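Encoded as structure tokens, the structure appears first; notes follow it.
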Amino acid sequence: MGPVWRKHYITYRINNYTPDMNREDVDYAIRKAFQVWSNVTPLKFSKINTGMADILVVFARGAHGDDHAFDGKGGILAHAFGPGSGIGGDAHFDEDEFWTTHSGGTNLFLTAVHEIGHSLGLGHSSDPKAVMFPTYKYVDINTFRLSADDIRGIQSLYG
Ligand SMILES: COc1ccc(S(=O)(=O)N(CC(=O)NO)CC(C)C)cc1
Ligand SMILES: [Ca+2]
Ligand SMILES: [Ca+2]
Ligand SMILES: [Ca+2]
Ligand SMILES: [Zn+2]
Ligand SMILES: [Zn+2]
């Protein structure tokens, strides 16, 4: 009749690669960040460095055409949205910061999971084990999973 994707296919693209780390690490963090949600949600993501994508990962520094935008080390870690026009879909990371794969300062992968969840279309959870929250909490990329709470939120992407 019939169903009915929303999306099904999430083609995504990076615009530039942060010099703080080597490119492979950069796409790796984001790749894995994507892959997280792609495991729990039926959303079938695909990074294409060449072609047309649904969403775009922005890396700017300071004022990039937002009011708040940026603030160097701290403040906003990153800003992304799903269900909105224009910018909606797209995910803006704090390039001005010094992101790390290891625990270091801020973990790229960690914030990425949060913002990429926004990209799917997630209204901020209220649980500290959940990653969707507006907050930040150091999580083991060893243990690597989502919270039961968070899992309800993400299943809410239908509906
Ligand atoms: C889970 O990873 C995160 C890292 C930093 C933040 S943040 O508190 O610095 N910040 C960015 C963010 O929440 N993006 O979705 C919100 C800002 C309002 C302080 C949030 C989440
Ligand atoms: Ca910042
Ligand atoms: Ca967009
Ligand atoms: Ca940087
Ligand atoms: Zn922005
Ligand atoms: Zn957020």
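Numbering starts at 1 and runs along the chain as displayed.
Method reported for this entry: solution NMR.
Backbone N, Cα and C define each Cβ position, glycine as well.
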Ca(2+) 2 site partner of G86, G88, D90 (as recorded in Swiss-Prot), chosen from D54, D67, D71, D127: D54
Further binder of Zn(2+) 1 named by Swiss-Prot next to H64, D66, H92, taken from the candidates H79, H102: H79
Of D20, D25, residue recorded by Swiss-Prot at the Ca(2+) 1 site of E95, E97: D20
Distance-selected binding-site residues near ligand 3 (C-beta under 6 Å), from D54, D71, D90, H92: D90
Shortest C-alpha distance to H92 (Zn(2+) 1 binding site) - which of the binding-site residues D20, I76, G86: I76
Cα distance (Å, whole number) from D90 (Ca(2+) 2 binding site) to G74 (Ca(2+) 3 binding site): 21
Intrachain C-beta neighbours of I76 (Ca(2+) 3 binding site), sequence separation six or more, cut-off 8 angstroms: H68, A69, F70, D94
Which of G72, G74, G86, the listed binding-site residues, has fewest other Cβ atoms within 10 Å: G86
